[PDB]
Structures are given as structure tokens and as C-alpha cells.
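Just below is one structure, and these are the notes that go with it.
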Amino acid sequence: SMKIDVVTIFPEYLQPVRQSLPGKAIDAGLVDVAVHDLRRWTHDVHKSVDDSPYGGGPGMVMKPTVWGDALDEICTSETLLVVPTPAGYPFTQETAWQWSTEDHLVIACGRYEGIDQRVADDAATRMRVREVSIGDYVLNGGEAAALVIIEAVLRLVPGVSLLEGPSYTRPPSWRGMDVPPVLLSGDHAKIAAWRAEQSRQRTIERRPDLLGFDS
Amino acid sequence: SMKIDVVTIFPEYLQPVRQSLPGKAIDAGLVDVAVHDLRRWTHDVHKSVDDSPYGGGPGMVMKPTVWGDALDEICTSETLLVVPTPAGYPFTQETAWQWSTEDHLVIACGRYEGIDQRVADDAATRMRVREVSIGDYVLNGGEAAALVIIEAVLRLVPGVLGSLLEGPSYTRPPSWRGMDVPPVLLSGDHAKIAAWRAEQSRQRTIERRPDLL
Ligand SMILES: Nc1nc2cc(Br)ccc2s1
């Protein structure tokens, strides 16, 4: 049984956890996902969570005070605090396997130009903290990255390289395009070999890095 | 003017997109996002969208006849068909910039075991097709990847959503739980601040992303 808490100023954006794979995992009781509005930990009537950056720069930075109070309430020393950010360590399949065995993930979703660095620094004095990037692109906030991380982790929880090549299903001919004959041949060895080859050939074309080549 | 059509068996998943859109952008006709339930194009009373893989193996493959009908209705010659898949070319910020000037994106969300490859192959004979991965991990389906792609692309379209790594950021208060904001940031020496930020970026990139150097 895993607990996932997500902290965000847009709790509505996390509603997709209730569908597909995470929804099934929740219904099966293998995971509990709770979404928290960060503004719950504010005290002004304006419910401010952001302020201008020290040292200059565009945009706003999320205040450490509000985050600190939120994480104080939600986290324990056993928590794995996950902070999605384009500046993070890469989140990979290996990371997903690692986190699949955790009792408690707390995902802090930033907005504006990110979260005051002291939030992660302070949290790291009492729990494990992981700032991670899900890919080399910029979002407006961490919420979609939280959903990706939850999807990647939950499908690996007990109870739930190379690129996969093309797959096919019925009918054997469609619009004049035939399924590769070897796949219809029932020869397990030949099919295995063809699939292995297709995998390695797609990998060299689409992801040469995976095989130790440039680009 | 960008139109995005998303096709999925989980249309409710894509609701945050529509909710993410400022009314000003919609009323100005800058953007339109539509979500379509793939089962609209099923043929049978059981609304079947997948079937066992030829050549054997685990999982299911999505049916070409269903997807072919859906894309025939939704796509035109001007469409950029986007297919999220862990087996794709990498989706990066450069991709997002490229796609931000497209008139029509159609995002085909399938299970990771895949859509029958003839769907993309057929589509590619009359439109541009891009099979892409958003990272080096497997998701059960393309829906969360579609959310990431939509957000990364649309935030680059003026007014729609409202190298080295970035270093740390700070705001008030100047001291919090025993930690002070780096005094250089309060120095009023803006050339020095820029140099300090450059070094913080260098250190963070070496530590977290040595591949970038
Ligand atoms: N690719 C990603 N972009 C962002 C932007 C913000 Br603001 C917060 C988290 C993330 S993860």
C-alpha cells in the first residue's frame, strides 16, 4: 500500500488520477492519492503564495513560508519528497522502479518561476528529497509532470534498453497493407528474431543514444 | 489559430486542458482543444478498441480499422498527427517550438503496447506523422504524455495559456529556518549577480545533468 500526496495551487488539474491506471490502482486499494490546495496553508486574505525574486529576473517565485507549513503537516521523516522541475535529475524507468517500493511520496508542484530553493534544502534536513525532470521541455507548472510520475510509478507497484518495434493485429490485410508474413507464420524462433531486429532497427533510427551512438 | 484534437478512450483525462485555457484566448480564436472518445468509431456492440497481437505475446494492440476511421474523420492534409509512445523520437523543447506554429495537431492516445503500425504508416501517406516519447519511462497509455505535449506547445503560443540548467531562486523573507538568501543577490551589483548565477548553473548542470556538457 502506497500513499501519494500532491500539493498544488491547481488541485483540479490532478483529477485525471481518477481515470485509467491510477484510478484502477486506487479502487483496488493499492494506492491512496490525495490532492492538497497549497493555499490552505496561507494566512492572509489574499492567500498569496508568490513574491518577486531576489537578485532580479522575470516572474515570481513561490514563497518558502507557505510550502514549509504545508510540508510540515504532510511529510514525515519516511517521506520521499518529489519536486518536478526542468532543472532536476532525470526521472527514468529506473527511478520509477525505485519509487514503486516507497511507502509515501509527496509531490510538490511548482508554478510561476519555481519554488524558493530553501524549501527543498530545509526538507532535506529531515527527509529524502528528489528534484527531478521528466524530460527536456518546459511546462507552466509541475502538475502534468506529477501525473506522469504517478502513472510511471503506479504501473510498477506489486499488485498492479531498446525500443519496442511495431505491433499488429487483425485483419491480416488492411487498406492494401499486409501484416509482416513472419508474424502469421507461427514460427516462434523466426518471430522472436524478427521482433528483436525490428527493435534494434527502430532504436538506431529513433534513439541512437540508447545504443551508444551520437545524437 | 491552433486547433488540437485529442482521441482517447479516456476523454475525461483531458479535461484539465480545456480548464487550463483562458477565456480570452478562446474568444480571440487563438486556440481550440477538442477531445474525442475513440469508441465513437468502434464497429461492434462491444465497442472493441483492441485485439490480440499477431505473432503472440502479452497485452493487446489497438485495432487499425477503428483508428483508421477516427483519423479519416478528424484529420486533413494539413494535420500534424502526433502519436505519443515510449518507442518514439524524443519530444523536446525544440519540438514544442516547431509544433507551436502548426494549424492543426491531432494527438492519438493509445496503450503503450501500441496502435497497429499500419495506422501511422497509412496516415503518413497523406499527412505528417510524428511518433514521440516524452521521456525514458513507460506509461500505460498516451494520455498523460498528451497533457505534457499540449501544455509545452500551447505555452509557446502568444496569449494562449496566460544548454545549462537554471540555478536556485529565492524570495522573501531574507532569512528562513536558519537559511539566508545568498547575500550577493541583495548586493545591487548586477554584473556580479549574473556571474554568480552562471556559476550556480554550471555546478548544478555538472551535478545533475553531465550529459549536457
Ligand atoms: N518540465 C517541467 N516544467 C516545470 C515548470 C514549473 Br514552473 C514547475 C515544474 C516543472 S517540470
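Chain labels run A, B, ... following the order of the C-alpha cells; each chain numbers its residues from 1, and ligands are numbered from 1 in the order shown.
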
As a ChimeraX atom specification, list the residues of stretch 43-189 of chain B assigned to helix (DSSP H, G or I) by DSSP on the backbone atoms of this structure.
/B:64-74,93-99,117-123,143-154,183-186

Find the residues of chain B in contact range of chain A, meaning any atom within 6 Å when counting only C-alpha atoms, and list them as a PyMOL selection string.
chain B and resi 13+16+53-55+87+89+92-93+116-117+135-137+139+144+148+152+165-166+168-171+185+208

Keeping only N, CA and C atoms, write those residues as an mmCIF file, in the first residue's frame.
```
data_model
loop_
_atom_site.group_PDB
_atom_site.id
_atom_site.type_symbol
_atom_site.label_atom_id
_atom_site.label_comp_id
_atom_site.auth_asym_id
_atom_site.auth_seq_id
_atom_site.Cartn_x
_atom_site.Cartn_y
_atom_site.Cartn_z
ATOM 1 N N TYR B 13 -9.797 12.337 -19.031
ATOM 2 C CA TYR B 13 -8.396 12.606 -18.663
ATOM 3 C C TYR B 13 -7.932 13.967 -19.159
ATOM 4 N N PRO B 16 -8.403 18.724 -17.882
ATOM 5 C CA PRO B 16 -7.570 19.853 -17.443
ATOM 6 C C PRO B 16 -7.093 20.757 -18.571
ATOM 7 N N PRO B 53 -2.158 -9.508 -30.218
ATOM 8 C CA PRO B 53 -1.090 -9.209 -31.177
ATOM 9 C C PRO B 53 -0.754 -10.368 -32.102
ATOM 10 N N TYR B 54 -0.612 -10.085 -33.393
ATOM 11 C CA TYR B 54 -0.060 -11.089 -34.298
ATOM 12 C C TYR B 54 1.354 -11.432 -33.861
ATOM 13 N N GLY B 55 1.666 -12.723 -33.910
ATOM 14 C CA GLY B 55 2.975 -13.208 -33.521
ATOM 15 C C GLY B 55 3.048 -13.542 -32.046
ATOM 16 N N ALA B 87 8.268 4.294 -27.625
ATOM 17 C CA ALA B 87 9.138 3.948 -28.745
ATOM 18 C C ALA B 87 9.365 5.094 -29.740
ATOM 19 N N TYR B 89 10.478 9.054 -31.332
ATOM 20 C CA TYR B 89 11.551 10.033 -31.303
ATOM 21 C C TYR B 89 11.375 10.929 -30.078
ATOM 22 N N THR B 92 11.163 17.205 -27.420
ATOM 23 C CA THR B 92 11.960 18.164 -26.660
ATOM 24 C C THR B 92 11.430 19.578 -26.815
ATOM 25 N N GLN B 93 12.090 20.523 -26.156
ATOM 26 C CA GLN B 93 11.669 21.912 -26.270
ATOM 27 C C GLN B 93 11.734 22.395 -27.717
ATOM 28 N N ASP B 116 -1.789 -0.606 -33.937
ATOM 29 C CA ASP B 116 -1.342 -1.331 -35.122
ATOM 30 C C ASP B 116 -0.550 -0.383 -36.027
ATOM 31 N N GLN B 117 0.670 -0.779 -36.381
ATOM 32 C CA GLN B 117 1.572 0.135 -37.066
ATOM 33 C C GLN B 117 1.045 0.604 -38.422
ATOM 34 N N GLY B 135 9.845 10.923 -22.555
ATOM 35 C CA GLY B 135 10.922 10.614 -21.631
ATOM 36 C C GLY B 135 11.222 9.138 -21.626
ATOM 37 N N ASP B 136 12.247 8.752 -20.876
ATOM 38 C CA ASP B 136 12.701 7.369 -20.887
ATOM 39 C C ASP B 136 12.033 6.575 -19.781
ATOM 40 N N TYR B 137 10.726 6.412 -19.914
ATOM 41 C CA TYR B 137 9.914 5.639 -18.988
ATOM 42 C C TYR B 137 8.682 5.201 -19.753
ATOM 43 N N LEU B 139 4.627 4.595 -19.779
ATOM 44 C CA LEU B 139 3.325 4.863 -19.194
ATOM 45 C C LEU B 139 2.366 3.868 -19.790
ATOM 46 N N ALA B 144 -1.322 10.946 -20.397
ATOM 47 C CA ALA B 144 -0.506 11.878 -19.613
ATOM 48 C C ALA B 144 0.539 12.543 -20.495
ATOM 49 N N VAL B 148 1.217 16.684 -21.335
ATOM 50 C CA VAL B 148 2.532 17.316 -21.316
ATOM 51 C C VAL B 148 2.805 18.017 -22.640
ATOM 52 N N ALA B 152 3.256 22.022 -23.191
ATOM 53 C CA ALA B 152 4.558 22.529 -23.649
ATOM 54 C C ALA B 152 4.436 23.298 -24.952
ATOM 55 N N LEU B 165 21.386 24.244 -16.966
ATOM 56 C CA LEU B 165 20.207 24.249 -16.109
ATOM 57 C C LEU B 165 20.062 25.569 -15.358
ATOM 58 N N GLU B 166 18.816 25.964 -15.091
ATOM 59 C CA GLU B 166 18.500 27.086 -14.215
ATOM 60 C C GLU B 166 19.017 26.806 -12.809
ATOM 61 N N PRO B 168 19.268 28.006 -8.525
ATOM 62 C CA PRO B 168 18.262 28.237 -7.480
ATOM 63 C C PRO B 168 17.684 29.647 -7.487
ATOM 64 N N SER B 169 16.431 29.744 -7.064
ATOM 65 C CA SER B 169 15.724 31.017 -6.936
ATOM 66 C C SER B 169 15.337 31.259 -5.493
ATOM 67 N N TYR B 170 15.186 32.532 -5.123
ATOM 68 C CA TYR B 170 14.849 32.928 -3.759
ATOM 69 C C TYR B 170 13.898 34.103 -3.733
ATOM 70 N N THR B 171 13.077 34.169 -2.690
ATOM 71 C CA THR B 171 12.265 35.354 -2.443
ATOM 72 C C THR B 171 12.174 35.589 -0.935
ATOM 73 N N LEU B 185 22.789 38.314 -3.975
ATOM 74 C CA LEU B 185 21.547 38.684 -4.643
ATOM 75 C C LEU B 185 20.983 40.001 -4.128
ATOM 76 N N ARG B 208 23.761 17.346 -11.869
ATOM 77 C CA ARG B 208 22.501 16.685 -12.204
ATOM 78 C C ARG B 208 22.381 16.202 -13.645
#
```

Check stretch 14-204 of chain B with DSSP on the backbone and list each residue it calls strand (DSSP E), as an mmCIF file with N, CA, C and O atoms, in the first residue's frame.
```cif
data_model
loop_
_atom_site.group_PDB
_atom_site.id
_atom_site.type_symbol
_atom_site.label_atom_id
_atom_site.label_comp_id
_atom_site.auth_asym_id
_atom_site.auth_seq_id
_atom_site.Cartn_x
_atom_site.Cartn_y
_atom_site.Cartn_z
ATOM 1 N N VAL B 31 -7.068 29.503 -29.986
ATOM 2 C CA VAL B 31 -6.905 28.090 -29.687
ATOM 3 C C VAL B 31 -8.260 27.407 -29.526
ATOM 4 O O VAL B 31 -9.232 28.014 -29.073
ATOM 5 N N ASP B 32 -8.321 26.149 -29.943
ATOM 6 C CA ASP B 32 -9.469 25.298 -29.690
ATOM 7 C C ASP B 32 -8.952 23.887 -29.440
ATOM 8 O O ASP B 32 -8.188 23.357 -30.245
ATOM 9 N N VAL B 33 -9.332 23.308 -28.306
ATOM 10 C CA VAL B 33 -8.959 21.937 -27.987
ATOM 11 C C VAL B 33 -10.219 21.097 -27.889
ATOM 12 O O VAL B 33 -11.127 21.424 -27.128
ATOM 13 N N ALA B 34 -10.280 20.025 -28.670
ATOM 14 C CA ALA B 34 -11.432 19.137 -28.642
ATOM 15 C C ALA B 34 -10.985 17.733 -28.304
ATOM 16 O O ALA B 34 -9.941 17.283 -28.774
ATOM 17 N N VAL B 35 -11.761 17.052 -27.469
ATOM 18 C CA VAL B 35 -11.427 15.694 -27.064
ATOM 19 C C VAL B 35 -12.486 14.740 -27.597
ATOM 20 O O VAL B 35 -13.681 15.018 -27.509
ATOM 21 N N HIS B 36 -12.035 13.628 -28.164
ATOM 22 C CA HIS B 36 -12.942 12.667 -28.781
ATOM 23 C C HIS B 36 -12.748 11.291 -28.195
ATOM 24 O O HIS B 36 -11.627 10.814 -28.092
ATOM 25 N N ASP B 37 -13.847 10.655 -27.833
ATOM 26 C CA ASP B 37 -13.829 9.272 -27.374
ATOM 27 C C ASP B 37 -13.624 8.332 -28.562
ATOM 28 O O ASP B 37 -14.473 8.263 -29.449
ATOM 29 N N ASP B 50 -9.317 -2.920 -29.059
ATOM 30 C CA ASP B 50 -8.063 -3.649 -29.222
ATOM 31 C C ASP B 50 -8.286 -5.130 -29.457
ATOM 32 O O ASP B 50 -9.423 -5.618 -29.443
ATOM 33 N N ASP B 51 -7.188 -5.841 -29.691
ATOM 34 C CA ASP B 51 -7.254 -7.232 -30.136
ATOM 35 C C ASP B 51 -5.867 -7.839 -29.911
ATOM 36 O O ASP B 51 -4.901 -7.116 -29.696
ATOM 37 N N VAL B 61 -3.199 -5.002 -28.852
ATOM 38 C CA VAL B 61 -2.824 -3.989 -29.825
ATOM 39 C C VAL B 61 -4.084 -3.267 -30.263
ATOM 40 O O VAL B 61 -5.118 -3.908 -30.457
ATOM 41 N N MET B 62 -4.025 -1.947 -30.415
ATOM 42 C CA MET B 62 -5.246 -1.255 -30.826
ATOM 43 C C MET B 62 -5.536 -1.485 -32.289
ATOM 44 O O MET B 62 -4.639 -1.531 -33.129
ATOM 45 N N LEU B 80 -0.884 17.717 -38.464
ATOM 46 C CA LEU B 80 0.272 17.062 -37.878
ATOM 47 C C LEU B 80 -0.254 16.037 -36.887
ATOM 48 O O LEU B 80 -0.821 16.406 -35.862
ATOM 49 N N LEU B 81 -0.100 14.757 -37.218
ATOM 50 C CA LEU B 81 -0.575 13.676 -36.351
ATOM 51 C C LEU B 81 0.511 13.305 -35.360
ATOM 52 O O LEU B 81 1.594 12.895 -35.754
ATOM 53 N N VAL B 82 0.207 13.459 -34.076
ATOM 54 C CA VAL B 82 1.151 13.207 -33.002
ATOM 55 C C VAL B 82 0.756 11.926 -32.292
ATOM 56 O O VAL B 82 -0.391 11.787 -31.853
ATOM 57 N N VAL B 83 1.683 10.978 -32.200
ATOM 58 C CA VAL B 83 1.379 9.693 -31.553
ATOM 59 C C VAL B 83 2.342 9.486 -30.393
ATOM 60 O O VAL B 83 3.509 9.121 -30.603
ATOM 61 N N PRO B 84 1.898 9.744 -29.153
ATOM 62 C CA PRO B 84 2.814 9.512 -28.025
ATOM 63 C C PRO B 84 3.081 8.032 -27.781
ATOM 64 O O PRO B 84 2.147 7.218 -27.722
ATOM 65 N N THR B 85 4.356 7.680 -27.652
ATOM 66 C CA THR B 85 4.723 6.279 -27.455
ATOM 67 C C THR B 85 6.127 6.221 -26.884
ATOM 68 O O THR B 85 6.964 7.019 -27.274
ATOM 69 N N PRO B 86 6.383 5.291 -25.960
ATOM 70 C CA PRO B 86 7.742 5.188 -25.414
ATOM 71 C C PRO B 86 8.750 4.789 -26.488
ATOM 72 O O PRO B 86 9.962 4.943 -26.272
ATOM 73 N N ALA B 87 8.268 4.294 -27.625
ATOM 74 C CA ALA B 87 9.138 3.948 -28.745
ATOM 75 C C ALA B 87 9.365 5.094 -29.740
ATOM 76 O O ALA B 87 9.901 4.874 -30.819
ATOM 77 N N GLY B 88 8.949 6.309 -29.396
ATOM 78 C CA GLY B 88 9.040 7.418 -30.333
ATOM 79 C C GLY B 88 10.385 8.125 -30.392
ATOM 80 O O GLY B 88 11.311 7.859 -29.618
ATOM 81 N N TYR B 89 10.478 9.054 -31.332
ATOM 82 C CA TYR B 89 11.551 10.033 -31.303
ATOM 83 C C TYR B 89 11.375 10.929 -30.078
ATOM 84 O O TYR B 89 10.259 11.167 -29.642
ATOM 85 N N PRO B 90 12.466 11.454 -29.521
ATOM 86 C CA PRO B 90 12.302 12.297 -28.329
ATOM 87 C C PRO B 90 11.544 13.597 -28.592
ATOM 88 O O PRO B 90 11.862 14.335 -29.538
ATOM 89 N N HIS B 104 -3.001 22.658 -37.041
ATOM 90 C CA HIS B 104 -3.838 21.552 -36.608
ATOM 91 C C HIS B 104 -3.013 20.389 -36.099
ATOM 92 O O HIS B 104 -2.301 19.751 -36.866
ATOM 93 N N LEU B 105 -3.096 20.135 -34.796
ATOM 94 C CA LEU B 105 -2.490 18.955 -34.200
ATOM 95 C C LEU B 105 -3.571 17.962 -33.874
ATOM 96 O O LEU B 105 -4.591 18.327 -33.291
ATOM 97 N N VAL B 106 -3.358 16.707 -34.241
ATOM 98 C CA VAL B 106 -4.217 15.632 -33.765
ATOM 99 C C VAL B 106 -3.361 14.696 -32.943
ATOM 100 O O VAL B 106 -2.345 14.211 -33.421
ATOM 101 N N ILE B 107 -3.754 14.467 -31.694
ATOM 102 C CA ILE B 107 -2.973 13.606 -30.805
ATOM 103 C C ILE B 107 -3.710 12.297 -30.604
ATOM 104 O O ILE B 107 -4.810 12.266 -30.038
ATOM 105 N N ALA B 108 -3.084 11.216 -31.053
ATOM 106 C CA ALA B 108 -3.676 9.879 -30.977
ATOM 107 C C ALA B 108 -3.149 9.168 -29.746
ATOM 108 O O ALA B 108 -1.995 8.744 -29.718
ATOM 109 N N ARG B 128 1.554 14.572 -42.259
ATOM 110 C CA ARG B 128 2.761 14.419 -41.464
ATOM 111 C C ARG B 128 2.447 13.713 -40.146
ATOM 112 O O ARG B 128 1.488 14.063 -39.460
ATOM 113 N N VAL B 129 3.252 12.700 -39.830
ATOM 114 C CA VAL B 129 3.062 11.878 -38.638
ATOM 115 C C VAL B 129 4.315 11.938 -37.784
ATOM 116 O O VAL B 129 5.424 11.813 -38.304
ATOM 117 N N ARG B 130 4.134 12.093 -36.474
ATOM 118 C CA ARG B 130 5.260 12.173 -35.543
ATOM 119 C C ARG B 130 5.011 11.280 -34.344
ATOM 120 O O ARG B 130 4.184 11.604 -33.491
ATOM 121 N N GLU B 131 5.736 10.169 -34.264
ATOM 122 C CA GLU B 131 5.653 9.297 -33.094
ATOM 123 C C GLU B 131 6.718 9.767 -32.110
ATOM 124 O O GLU B 131 7.901 9.827 -32.452
ATOM 125 N N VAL B 132 6.303 10.141 -30.909
ATOM 126 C CA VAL B 132 7.234 10.768 -29.975
ATOM 127 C C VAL B 132 7.124 10.253 -28.556
ATOM 128 O O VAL B 132 6.035 9.913 -28.083
ATOM 129 N N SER B 133 8.277 10.215 -27.887
ATOM 130 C CA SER B 133 8.345 9.875 -26.468
ATOM 131 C C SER B 133 8.664 11.112 -25.644
ATOM 132 O O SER B 133 9.530 11.897 -26.008
ATOM 133 N N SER B 175 15.756 35.661 5.617
ATOM 134 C CA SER B 175 16.195 34.555 6.461
ATOM 135 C C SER B 175 14.998 33.687 6.818
ATOM 136 O O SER B 175 13.959 34.189 7.255
ATOM 137 N N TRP B 176 15.143 32.381 6.621
ATOM 138 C CA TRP B 176 14.034 31.463 6.870
ATOM 139 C C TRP B 176 14.573 30.122 7.337
ATOM 140 O O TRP B 176 15.365 29.501 6.636
ATOM 141 N N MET B 179 18.231 29.652 7.177
ATOM 142 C CA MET B 179 18.867 29.773 5.873
ATOM 143 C C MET B 179 18.685 31.169 5.278
ATOM 144 O O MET B 179 17.557 31.632 5.078
ATOM 145 N N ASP B 180 19.805 31.824 4.992
ATOM 146 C CA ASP B 180 19.791 33.157 4.391
ATOM 147 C C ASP B 180 19.828 33.084 2.877
ATOM 148 O O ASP B 180 20.487 32.226 2.294
#
```

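Distances here use only C-alpha atoms and all ligand atoms; by that measure, the residue among B:17, B:153, B:39, B:68 closest to ligand 1 is B:153.
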
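In terms of minimum interatomic distance to ligand 1, A:9 ranks closest within A:126, A:41, A:9, A:76, counting only C-alpha atoms and all ligand atoms.
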
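Non-sequential neighbours of residue B:29 (distance at most 12 Å, separation of 4 or more positions within a chain, only C-alpha atoms) are residues 1, 2, 3, 21, 22, 23, 24, 25, 33, 159 and 160 of chain B.
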
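Considering the residues B:199, B:12, B:69, B:151 and counting only C-alpha atoms and all ligand atoms, ligand 1 has its shortest atom-to-atom contact with B:151.
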